[PDB]
file run.cif (mmCIF, C-alpha atoms and all ligand atoms)
data_structure
loop_
_atom_site.label_atom_id
_atom_site.label_comp_id
_atom_site.auth_asym_id
_atom_site.auth_seq_id
_atom_site.Cartn_x
_atom_site.Cartn_y
_atom_site.Cartn_z
CA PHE A 1 -5.48 -10.33 8.54
CA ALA A 2 -3.86 -7.87 6.16
CA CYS A 3 -4.31 -6.51 2.63
CA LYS A 4 -2.23 -5.50 -0.35
CA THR A 5 -2.73 -3.71 -3.71
CA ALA A 6 -1.65 -4.81 -7.19
CA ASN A 7 1.95 -3.61 -8.08
CA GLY A 8 1.48 -1.72 -4.92
CA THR A 9 1.38 -1.45 -1.22
CA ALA A 10 0.08 -3.13 1.89
CA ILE A 11 -2.08 -2.22 4.85
CA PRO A 12 -0.82 -4.39 7.65
CA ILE A 13 -2.41 -6.17 10.64
CA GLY A 14 -4.38 -3.65 12.63
CA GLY A 15 -5.60 -1.63 9.67
CA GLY A 16 -4.68 1.76 8.24
CA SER A 17 -5.05 3.70 5.03
CA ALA A 18 -3.62 3.42 1.47
CA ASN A 19 -3.96 5.01 -1.95
CA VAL A 20 -5.09 2.93 -4.94
CA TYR A 21 -4.51 4.33 -8.42
CA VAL A 22 -6.81 2.87 -11.19
CA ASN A 23 -6.97 3.14 -14.95
CA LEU A 24 -10.42 4.07 -16.17
CA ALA A 25 -12.06 3.83 -19.56
CA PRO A 26 -10.99 7.09 -21.21
CA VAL A 27 -14.37 7.64 -22.83
CA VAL A 28 -17.83 6.88 -21.49
CA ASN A 29 -21.02 8.00 -23.24
CA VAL A 30 -24.29 8.94 -21.60
CA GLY A 31 -26.07 5.61 -21.13
CA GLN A 32 -22.84 3.59 -20.90
CA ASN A 33 -21.24 2.34 -17.72
CA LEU A 34 -17.93 3.06 -16.23
CA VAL A 35 -16.81 0.05 -14.24
CA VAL A 36 -14.24 0.46 -11.43
CA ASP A 37 -13.32 -3.05 -10.41
CA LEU A 38 -11.37 -3.12 -7.21
CA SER A 39 -11.33 -6.95 -7.09
CA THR A 40 -8.28 -6.85 -9.40
CA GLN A 41 -6.62 -4.21 -7.21
CA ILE A 42 -7.21 -5.12 -3.56
CA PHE A 43 -6.38 -8.56 -2.11
CA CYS A 44 -6.60 -9.78 1.50
CA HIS A 45 -5.74 -12.85 3.56
CA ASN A 46 -6.38 -14.50 6.92
CA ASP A 47 -3.22 -15.03 9.00
CA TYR A 48 -4.25 -18.06 11.06
CA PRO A 49 -7.12 -19.74 9.22
CA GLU A 50 -6.91 -23.13 10.99
CA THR A 51 -8.48 -21.56 14.11
CA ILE A 52 -9.65 -18.01 13.15
CA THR A 53 -12.42 -16.86 10.82
CA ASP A 54 -12.09 -13.25 9.60
CA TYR A 55 -15.26 -11.32 8.73
CA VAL A 56 -14.96 -8.50 6.16
CA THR A 57 -17.52 -5.83 5.23
CA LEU A 58 -17.72 -2.74 3.11
CA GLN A 59 -18.61 -0.50 5.98
CA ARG A 60 -19.01 2.54 3.75
CA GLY A 61 -18.31 3.79 0.25
CA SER A 62 -18.36 7.48 -0.60
CA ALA A 63 -17.83 9.39 -3.85
CA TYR A 64 -15.56 12.38 -4.50
CA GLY A 65 -14.67 14.80 -7.21
CA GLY A 66 -15.97 14.10 -10.68
CA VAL A 67 -17.55 10.89 -9.64
CA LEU A 68 -19.52 12.67 -6.92
CA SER A 69 -20.67 15.42 -9.32
CA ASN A 70 -21.04 13.76 -12.72
CA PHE A 71 -21.99 10.10 -12.22
CA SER A 72 -24.55 8.02 -10.48
CA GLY A 73 -24.08 4.40 -9.62
CA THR A 74 -24.15 1.29 -7.52
CA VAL A 75 -21.57 -0.86 -5.77
CA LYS A 76 -21.48 -4.63 -6.17
CA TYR A 77 -20.07 -6.47 -3.15
CA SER A 78 -19.64 -10.25 -3.35
CA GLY A 79 -22.43 -10.62 -5.87
CA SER A 80 -25.09 -8.25 -4.44
CA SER A 81 -25.70 -4.59 -5.50
CA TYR A 82 -26.34 -1.59 -3.31
CA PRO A 83 -26.62 2.16 -3.74
CA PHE A 84 -23.38 4.07 -4.15
CA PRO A 85 -22.60 6.32 -2.24
CA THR A 86 -23.63 3.71 0.31
CA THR A 87 -26.39 3.94 2.93
CA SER A 88 -25.44 1.04 5.24
CA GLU A 89 -22.75 -1.56 5.91
CA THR A 90 -22.88 -4.65 3.68
CA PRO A 91 -23.12 -8.30 4.84
CA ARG A 92 -19.91 -10.02 5.80
CA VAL A 93 -17.60 -11.97 3.55
CA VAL A 94 -15.45 -14.64 5.18
CA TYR A 95 -11.68 -14.80 4.69
CA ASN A 96 -10.40 -18.23 5.65
CA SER A 97 -7.16 -18.73 3.77
CA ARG A 98 -3.53 -17.48 3.91
CA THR A 99 -3.59 -17.13 0.14
CA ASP A 100 -4.31 -13.52 -1.05
CA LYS A 101 -7.92 -13.32 -2.28
CA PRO A 102 -9.72 -10.42 -4.07
CA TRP A 103 -11.85 -7.99 -2.09
CA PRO A 104 -14.94 -8.36 -4.25
CA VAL A 105 -15.90 -4.71 -4.73
CA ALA A 106 -16.75 -3.00 -8.03
CA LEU A 107 -18.39 0.35 -8.72
CA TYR A 108 -20.82 0.64 -11.60
CA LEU A 109 -21.06 4.22 -12.63
CA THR A 110 -22.97 6.01 -15.32
CA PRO A 111 -22.71 9.72 -16.40
CA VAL A 112 -25.51 12.03 -15.33
CA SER A 113 -27.45 13.10 -18.41
CA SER A 114 -26.09 16.68 -18.56
CA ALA A 115 -22.43 15.66 -18.16
CA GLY A 116 -20.12 16.38 -21.12
CA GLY A 117 -16.36 16.84 -21.61
CA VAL A 118 -13.93 16.08 -18.83
CA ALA A 119 -16.05 14.34 -16.20
CA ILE A 120 -13.21 12.94 -14.03
CA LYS A 121 -9.76 14.58 -13.86
CA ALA A 122 -6.52 12.59 -13.98
CA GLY A 123 -4.92 12.20 -10.55
CA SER A 124 -8.15 13.09 -8.67
CA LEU A 125 -9.75 11.27 -5.77
CA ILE A 126 -12.93 9.46 -6.94
CA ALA A 127 -13.91 7.32 -3.95
CA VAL A 128 -13.17 6.18 -0.41
CA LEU A 129 -13.95 2.59 0.49
CA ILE A 130 -13.76 1.40 4.07
CA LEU A 131 -13.08 -2.27 4.62
CA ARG A 132 -14.04 -3.36 8.14
CA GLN A 133 -12.49 -6.57 9.54
CA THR A 134 -13.55 -8.46 12.63
CA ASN A 135 -13.22 -12.08 13.72
CA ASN A 136 -14.48 -14.99 15.83
CA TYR A 137 -11.46 -14.90 18.11
CA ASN A 138 -11.01 -11.68 20.02
CA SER A 139 -12.23 -8.06 20.11
CA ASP A 140 -10.32 -6.96 16.99
CA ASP A 141 -12.29 -4.52 14.92
CA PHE A 142 -10.11 -2.79 12.27
CA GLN A 143 -10.63 -0.41 9.39
CA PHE A 144 -8.71 -0.56 6.21
CA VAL A 145 -9.32 2.68 4.39
CA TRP A 146 -8.78 2.80 0.64
CA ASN A 147 -8.49 6.12 -1.10
CA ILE A 148 -9.20 5.51 -4.80
CA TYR A 149 -7.63 7.77 -7.44
CA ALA A 150 -8.13 8.02 -11.24
CA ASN A 151 -4.92 7.66 -13.22
CA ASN A 152 -6.38 9.38 -16.26
CA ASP A 153 -9.05 11.77 -17.47
CA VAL A 154 -12.38 10.26 -18.34
CA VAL A 155 -14.35 12.13 -21.01
CA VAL A 156 -18.06 11.99 -21.63
CA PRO A 157 -18.36 12.68 -25.37
CA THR A 158 -20.96 15.01 -26.70
CA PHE B 1 11.79 -5.41 16.85
CA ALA B 2 10.76 -1.90 15.91
CA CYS B 3 11.95 0.95 13.63
CA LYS B 4 12.07 4.70 13.55
CA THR B 5 13.10 7.48 11.24
CA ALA B 6 15.65 10.18 12.05
CA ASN B 7 13.99 13.27 13.54
CA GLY B 8 10.80 11.55 12.49
CA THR B 9 8.28 8.96 13.64
CA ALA B 10 8.22 5.31 14.79
CA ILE B 11 6.60 2.04 13.86
CA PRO B 12 6.22 -0.04 16.98
CA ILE B 13 6.51 -3.74 17.75
CA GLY B 14 4.12 -5.67 15.56
CA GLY B 15 4.50 -3.48 12.48
CA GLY B 16 2.44 -0.71 10.87
CA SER B 17 3.09 2.18 8.44
CA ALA B 18 4.89 5.49 8.38
CA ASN B 19 5.54 8.38 5.96
CA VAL B 20 9.06 9.39 4.95
CA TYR B 21 10.12 12.56 3.05
CA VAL B 22 13.28 12.55 1.02
CA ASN B 23 15.35 15.28 -0.59
CA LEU B 24 15.93 14.76 -4.27
CA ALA B 25 18.46 16.31 -6.67
CA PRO B 26 16.41 19.17 -8.27
CA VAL B 27 17.73 18.59 -11.81
CA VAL B 28 18.52 15.22 -13.34
CA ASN B 29 19.37 14.35 -16.96
CA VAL B 30 18.80 11.27 -19.09
CA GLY B 31 21.59 8.86 -18.24
CA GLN B 32 22.07 10.20 -14.68
CA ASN B 33 20.80 8.68 -11.41
CA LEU B 34 18.79 10.13 -8.57
CA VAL B 35 20.14 8.29 -5.54
CA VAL B 36 17.62 7.95 -2.71
CA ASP B 37 19.45 6.48 0.29
CA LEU B 38 16.97 5.49 3.01
CA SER B 39 19.73 4.04 5.22
CA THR B 40 20.38 7.49 6.68
CA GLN B 41 16.65 7.80 7.62
CA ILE B 42 15.27 4.41 8.62
CA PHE B 43 16.76 2.59 11.61
CA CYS B 44 15.74 -0.69 13.30
CA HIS B 45 16.69 -2.68 16.39
CA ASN B 46 16.21 -6.08 17.99
CA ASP B 47 14.46 -5.94 21.36
CA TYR B 48 15.95 -9.17 22.83
CA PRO B 49 19.21 -10.01 21.04
CA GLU B 50 20.35 -12.36 23.82
CA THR B 51 17.97 -15.07 22.75
CA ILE B 52 16.24 -13.84 19.60
CA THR B 53 17.53 -13.31 16.11
CA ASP B 54 15.42 -11.01 13.90
CA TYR B 55 15.36 -11.48 10.10
CA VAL B 56 14.56 -8.50 7.91
CA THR B 57 13.81 -8.49 4.15
CA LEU B 58 12.74 -5.98 1.55
CA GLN B 59 9.51 -7.73 0.73
CA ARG B 60 8.54 -5.37 -2.04
CA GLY B 61 9.38 -1.98 -3.49
CA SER B 62 6.82 -0.20 -5.66
CA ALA B 63 6.86 3.04 -7.68
CA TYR B 64 4.21 5.74 -7.73
CA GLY B 65 3.49 9.10 -9.35
CA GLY B 66 6.32 10.67 -11.27
CA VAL B 67 8.74 7.86 -10.48
CA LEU B 68 6.42 5.21 -11.89
CA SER B 69 5.75 7.21 -15.09
CA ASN B 70 9.06 8.98 -15.71
CA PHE B 71 11.82 6.77 -14.29
CA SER B 72 13.20 3.31 -14.28
CA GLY B 73 15.47 2.10 -11.56
CA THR B 74 17.04 -0.43 -9.31
CA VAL B 75 17.22 -0.97 -5.59
CA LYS B 76 20.30 -1.84 -3.65
CA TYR B 77 19.53 -3.84 -0.50
CA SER B 78 22.37 -4.82 1.79
CA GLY B 79 25.01 -4.84 -0.98
CA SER B 80 22.98 -6.54 -3.75
CA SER B 81 21.15 -4.90 -6.60
CA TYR B 82 17.67 -5.64 -7.98
CA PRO B 83 15.09 -4.17 -10.38
CA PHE B 84 12.83 -1.47 -8.92
CA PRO B 85 9.85 -1.97 -8.80
CA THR B 86 10.94 -5.29 -7.40
CA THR B 87 10.18 -8.75 -8.78
CA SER B 88 10.62 -10.79 -5.58
CA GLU B 89 11.41 -10.62 -1.89
CA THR B 90 15.15 -10.20 -1.11
CA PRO B 91 17.39 -12.36 1.03
CA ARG B 92 17.33 -11.48 4.76
CA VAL B 93 19.47 -9.19 6.85
CA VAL B 94 20.08 -10.17 10.49
CA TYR B 95 19.29 -7.79 13.34
CA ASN B 96 21.02 -8.96 16.53
CA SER B 97 21.54 -5.85 18.61
CA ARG B 98 19.54 -3.41 20.75
CA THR B 99 21.51 -0.59 19.08
CA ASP B 100 19.81 1.16 16.15
CA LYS B 101 21.07 -0.09 12.83
CA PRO B 102 20.20 1.36 9.37
CA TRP B 103 17.81 -0.46 7.09
CA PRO B 104 20.25 -0.77 4.15
CA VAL B 105 18.01 0.24 1.21
CA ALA B 106 18.83 2.77 -1.55
CA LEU B 107 16.97 3.51 -4.80
CA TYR B 108 18.75 4.42 -8.04
CA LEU B 109 16.35 6.12 -10.48
CA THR B 110 17.08 7.28 -14.02
CA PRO B 111 14.76 9.30 -16.27
CA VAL B 112 13.14 7.56 -19.29
CA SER B 113 13.52 9.33 -22.63
CA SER B 114 10.00 10.81 -22.50
CA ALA B 115 10.61 12.51 -19.15
CA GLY B 116 10.76 16.32 -19.47
CA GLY B 117 9.87 19.25 -17.27
CA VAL B 118 8.70 18.52 -13.74
CA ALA B 119 9.12 14.73 -13.59
CA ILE B 120 8.41 14.43 -9.83
CA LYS B 121 6.20 16.89 -7.98
CA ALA B 122 7.07 18.25 -4.54
CA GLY B 123 5.07 16.55 -1.82
CA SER B 124 4.01 13.62 -4.01
CA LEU B 125 4.19 9.90 -3.16
CA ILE B 126 7.06 8.35 -5.17
CA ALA B 127 7.49 4.88 -3.70
CA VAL B 128 6.43 2.25 -1.13
CA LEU B 129 9.03 0.01 0.52
CA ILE B 130 7.77 -2.91 2.63
CA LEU B 131 10.05 -4.31 5.32
CA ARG B 132 9.11 -7.83 6.40
CA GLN B 133 10.34 -8.99 9.78
CA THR B 134 10.49 -12.44 11.24
CA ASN B 135 12.58 -14.27 13.83
CA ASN B 136 13.96 -17.62 15.08
CA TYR B 137 11.74 -17.64 18.14
CA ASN B 138 8.02 -17.68 17.41
CA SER B 139 5.51 -17.23 14.56
CA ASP B 140 5.87 -13.43 14.29
CA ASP B 141 5.70 -12.23 10.71
CA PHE B 142 5.21 -8.44 10.52
CA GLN B 143 5.21 -5.74 7.90
CA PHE B 144 6.63 -2.25 8.29
CA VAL B 145 5.31 -0.16 5.41
CA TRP B 146 7.24 2.94 4.44
CA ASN B 147 5.58 5.49 2.20
CA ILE B 148 8.25 7.59 0.53
CA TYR B 149 7.36 11.22 -0.42
CA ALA B 150 9.36 13.78 -2.40
CA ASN B 151 10.32 16.87 -0.57
CA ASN B 152 10.91 18.93 -3.71
CA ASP B 153 10.28 19.04 -7.49
CA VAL B 154 12.75 17.20 -9.72
CA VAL B 155 13.16 18.62 -13.25
CA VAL B 156 14.37 16.69 -16.29
CA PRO B 157 15.76 19.28 -18.64
CA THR B 158 14.64 19.34 -22.23
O1 LIG C 1 0.12 -18.97 17.99
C1 LIG C 1 -0.39 -19.06 16.69
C2 LIG C 1 -1.02 -17.80 16.09
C3 LIG C 1 -1.53 -16.79 15.62
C4 LIG C 1 -2.18 -15.53 15.22
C5 LIG C 1 -2.85 -14.86 16.23
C6 LIG C 1 -3.51 -13.65 15.98
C7 LIG C 1 -3.52 -13.12 14.76
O2 LIG C 1 -4.23 -11.91 14.59
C8 LIG C 1 -4.22 -11.34 13.34
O3 LIG C 1 -4.61 -12.27 12.35
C9 LIG C 1 -5.98 -12.71 12.58
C10 LIG C 1 -6.39 -13.64 11.53
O4 LIG C 1 -6.29 -13.21 10.21
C11 LIG C 1 -6.94 -11.52 12.71
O5 LIG C 1 -8.29 -11.98 12.93
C12 LIG C 1 -6.54 -10.56 13.68
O6 LIG C 1 -7.43 -9.41 13.64
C13 LIG C 1 -5.15 -10.12 13.47
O7 LIG C 1 -5.01 -9.41 12.33
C14 LIG C 1 -2.86 -13.81 13.74
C15 LIG C 1 -2.17 -15.03 13.98
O1 LIG C 2 11.53 -12.81 29.17
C1 LIG C 2 12.01 -11.85 28.27
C2 LIG C 2 11.38 -11.67 26.87
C3 LIG C 2 10.87 -11.57 25.76
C4 LIG C 2 10.34 -11.22 24.43
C5 LIG C 2 9.58 -12.03 23.61
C6 LIG C 2 9.15 -11.49 22.37
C7 LIG C 2 9.46 -10.24 21.93
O2 LIG C 2 9.01 -9.78 20.68
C8 LIG C 2 9.46 -8.62 20.09
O3 LIG C 2 10.84 -8.45 19.94
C9 LIG C 2 11.46 -9.60 19.22
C10 LIG C 2 12.86 -9.37 19.08
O4 LIG C 2 13.21 -8.12 18.58
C11 LIG C 2 10.78 -9.77 17.86
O5 LIG C 2 11.36 -10.89 17.19
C12 LIG C 2 9.39 -9.92 18.01
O6 LIG C 2 8.82 -10.04 16.71
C13 LIG C 2 8.79 -8.76 18.71
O7 LIG C 2 8.90 -7.58 18.01
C14 LIG C 2 10.20 -9.45 22.75
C15 LIG C 2 10.61 -9.98 23.99
NI NI C 3 0.02 -12.43 6.52
NI NI C 4 12.95 -1.37 21.50
#
call {"tool": "encode", "arguments": {"input": "run.cif", "output": "structure tokens"}}
result
Amino acid sequence: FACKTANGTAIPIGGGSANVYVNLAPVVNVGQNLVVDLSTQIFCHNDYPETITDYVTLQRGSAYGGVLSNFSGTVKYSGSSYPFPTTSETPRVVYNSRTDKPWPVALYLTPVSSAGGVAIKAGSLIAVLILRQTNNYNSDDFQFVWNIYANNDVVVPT
Amino acid sequence: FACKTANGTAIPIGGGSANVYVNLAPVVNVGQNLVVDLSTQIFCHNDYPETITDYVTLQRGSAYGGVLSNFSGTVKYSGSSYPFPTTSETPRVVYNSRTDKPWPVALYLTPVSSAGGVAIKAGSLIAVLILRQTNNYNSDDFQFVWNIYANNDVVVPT
């Protein structure tokens, strides 16, 4: 089991850490949502699916920088929604193919009501998402840690 | 099969990730190349050359930060040249000795016409190069992920 990012990098068997740079809507008004869809960015696969089932959770999601201070939101993982920053590990999603498949994580973020002007700075860390991978085969229990960065400023107009 | 960097770190049998810092020409004009030769830094060896042949490709090369935004380039891998960021996995290089041999990868980067001022920041991630290793012996298929960082600022004069 290993993962890769779009036009990007890989975190190999055994886990590790990587940076993911995402383009964000440049303007988001109070009452609109900023959507950070990692399912187009992070892809994973099972290396021996004919005998091994891989189990993958979002063990934890935390907010940083402008997202931490100026937005509130939720995280959607494989079709269910949870608080973000997270309060517990999600249910497992099964990976059972050698073909790269999306990690089905998306953040749905909305400006706090007093936010105005530059709410997220270009180049800044906005989130850390920990993918936890286990299996039905051995004692493997690995973390794949994704540091998520904004490529551009996001402005909340006034 | 494992790899190390000169005065540096190691990625052991089975693959993994490591960080590599490179010195860059401090001033580079439109129409000139920054040459980043990793073959003097990254070295690999075969752990059982008497019965095993190791096959090593450049699986993917990706650009980040100032290189992604301010440069275009190519990669030379074992005597052939390709676009960088890459568009496919290269042909293989054979490793058949216990003696350290260079991984023969070099990047040639040239500023785009909008580059001006500090086009690459000191300390910043500039590229990821993924070495994929297999053999003629078993099912081993491992990735060695090299994160390339700039040691110094590179300026594009205006
Ligand atoms: O002889 C035939 C074979 C084989 C094979 C054995 C283990 C293995 O582990 C990785 O791939 C597994 C499956 O994706 C993971 O569950 C492990 O955590 C680990 O990443 C992958 C392939
Ligand atoms: O009885 C003596 C023996 C033996 C032996 C079997 C496998 C092996 O794998 C490593 O070294 C091999 C050769 O470098 C690699 O192809 C593998 O992927 C792995 O890194 C090394 C030695
Ligand atoms: Ni694989
Ligand atoms: Ni060795």
call {"tool": "closest_residue", "arguments": {"input": "run.cif", "among": "B:112, B:140, B:97, B:1", "to": "ligand LIG 1 (chain C)", "atoms": "all atoms listed in the file"}}
result
B:140
call {"tool": "closest_residue", "arguments": {"input": "run.cif", "among": "B:71, B:64, B:108, B:137", "to": "chain A", "atoms": "only C-alpha atoms"}}
result
B:64
call {"tool": "calpha_fit_rmsd", "arguments": {"input": "run.cif", "fixed": "chain B", "moving": "chain A"}}
result
0.5 Å
call {"tool": "closest_residue", "arguments": {"input": "run.cif", "among": "B:90, B:35, B:99, B:65", "to": "residue A:20", "atoms": "all atoms listed in the file"}}
result
B:65
call {"tool": "closest_residue", "arguments": {"input": "run.cif", "among": "B:83, B:41, B:63, B:98", "to": "ligand NI 4 (chain C)", "atoms": "all atoms listed in the file"}}
result
B:98
call {"tool": "residues_near_ligand", "arguments": {"input": "run.cif", "ligand": "ligand LIG 2 (chain C)", "cutoff": "12 Å", "atoms": "only C-alpha atoms and all ligand atoms", "output": "PyMOL selection string"}}
result
chain B and resi 1-3+11-16+44-56+94-100+132-144
call {"tool": "interface_residues", "arguments": {"input": "run.cif", "of": "chain A", "to": "chain B", "cutoff": "7 Å", "atoms": "only C-alpha atoms", "output": "MDAnalysis selection string"}}
result
chainID A and resid 7:10 12
call {"tool": "atom_distance", "arguments": {"input": "run.cif", "atom1": "atom CA of residue B:115", "atom2": "atom CA of residue B:88"}}
result
27.0 Å
call {"tool": "closest_residue", "arguments": {"input": "run.cif", "among": "A:29, A:19, A:40, A:124", "to": "residue A:156", "atoms": "only C-alpha atoms"}}
result
A:29
call {"tool": "build_atoms", "arguments": {"input": "run.cif", "residues": "stretch 80-94 of chain B", "atoms": "N, CA, C and O atoms", "output": "mmCIF file, in the coordinates of the input"}}
result
data_model
loop_
_atom_site.group_PDB
_atom_site.id
_atom_site.type_symbol
_atom_site.label_atom_id
_atom_site.label_comp_id
_atom_site.auth_asym_id
_atom_site.auth_seq_id
_atom_site.Cartn_x
_atom_site.Cartn_y
_atom_site.Cartn_z
ATOM 1 N N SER B 80 23.451 -5.994 -2.495
ATOM 2 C CA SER B 80 22.980 -6.540 -3.750
ATOM 3 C C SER B 80 21.991 -5.649 -4.457
ATOM 4 O O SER B 80 21.206 -4.942 -3.808
ATOM 5 N N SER B 81 22.001 -5.729 -5.787
ATOM 6 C CA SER B 81 21.150 -4.900 -6.600
ATOM 7 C C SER B 81 20.029 -5.658 -7.281
ATOM 8 O O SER B 81 20.219 -6.791 -7.711
ATOM 9 N N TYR B 82 18.881 -5.008 -7.446
ATOM 10 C CA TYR B 82 17.670 -5.640 -7.980
ATOM 11 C C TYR B 82 16.882 -4.627 -8.793
ATOM 12 O O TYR B 82 17.034 -3.464 -8.588
ATOM 13 N N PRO B 83 16.001 -5.078 -9.685
ATOM 14 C CA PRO B 83 15.090 -4.170 -10.380
ATOM 15 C C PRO B 83 14.196 -3.427 -9.397
ATOM 16 O O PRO B 83 13.865 -3.960 -8.366
ATOM 17 N N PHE B 84 13.833 -2.186 -9.700
ATOM 18 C CA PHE B 84 12.830 -1.470 -8.920
ATOM 19 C C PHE B 84 11.877 -0.839 -9.889
ATOM 20 O O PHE B 84 12.317 -0.044 -10.708
ATOM 21 N N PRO B 85 10.568 -1.094 -9.748
ATOM 22 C CA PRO B 85 9.850 -1.970 -8.800
ATOM 23 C C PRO B 85 10.372 -3.399 -8.797
ATOM 24 O O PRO B 85 10.899 -3.914 -9.804
ATOM 25 N N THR B 86 10.275 -4.026 -7.637
ATOM 26 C CA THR B 86 10.940 -5.290 -7.400
ATOM 27 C C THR B 86 10.162 -6.454 -7.998
ATOM 28 O O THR B 86 8.969 -6.354 -8.186
ATOM 29 N N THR B 87 10.825 -7.584 -8.206
ATOM 30 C CA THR B 87 10.180 -8.750 -8.780
ATOM 31 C C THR B 87 10.096 -9.912 -7.789
ATOM 32 O O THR B 87 9.428 -10.903 -8.060
ATOM 33 N N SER B 88 10.778 -9.802 -6.648
ATOM 34 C CA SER B 88 10.620 -10.790 -5.580
ATOM 35 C C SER B 88 11.190 -10.246 -4.289
ATOM 36 O O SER B 88 11.927 -9.275 -4.295
ATOM 37 N N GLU B 89 10.834 -10.887 -3.183
ATOM 38 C CA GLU B 89 11.410 -10.620 -1.890
ATOM 39 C C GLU B 89 12.907 -10.896 -1.863
ATOM 40 O O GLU B 89 13.333 -11.917 -2.350
ATOM 41 N N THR B 90 13.691 -10.025 -1.234
ATOM 42 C CA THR B 90 15.150 -10.200 -1.110
ATOM 43 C C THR B 90 15.567 -11.255 -0.109
ATOM 44 O O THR B 90 14.747 -11.735 0.687
ATOM 45 N N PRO B 91 16.865 -11.609 -0.116
ATOM 46 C CA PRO B 91 17.390 -12.360 1.030
ATOM 47 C C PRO B 91 17.312 -11.473 2.300
ATOM 48 O O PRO B 91 17.157 -10.261 2.249
ATOM 49 N N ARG B 92 17.440 -12.113 3.437
ATOM 50 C CA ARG B 92 17.330 -11.480 4.760
ATOM 51 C C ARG B 92 18.619 -10.863 5.266
ATOM 52 O O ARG B 92 19.715 -11.312 4.960
ATOM 53 N N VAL B 93 18.429 -9.834 6.074
ATOM 54 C CA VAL B 93 19.470 -9.190 6.850
ATOM 55 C C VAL B 93 19.193 -9.494 8.336
ATOM 56 O O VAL B 93 18.046 -9.419 8.818
ATOM 57 N N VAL B 94 20.246 -9.849 9.068
ATOM 58 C CA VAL B 94 20.080 -10.170 10.490
ATOM 59 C C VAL B 94 20.157 -8.934 11.381
ATOM 60 O O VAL B 94 21.012 -8.093 11.213
#
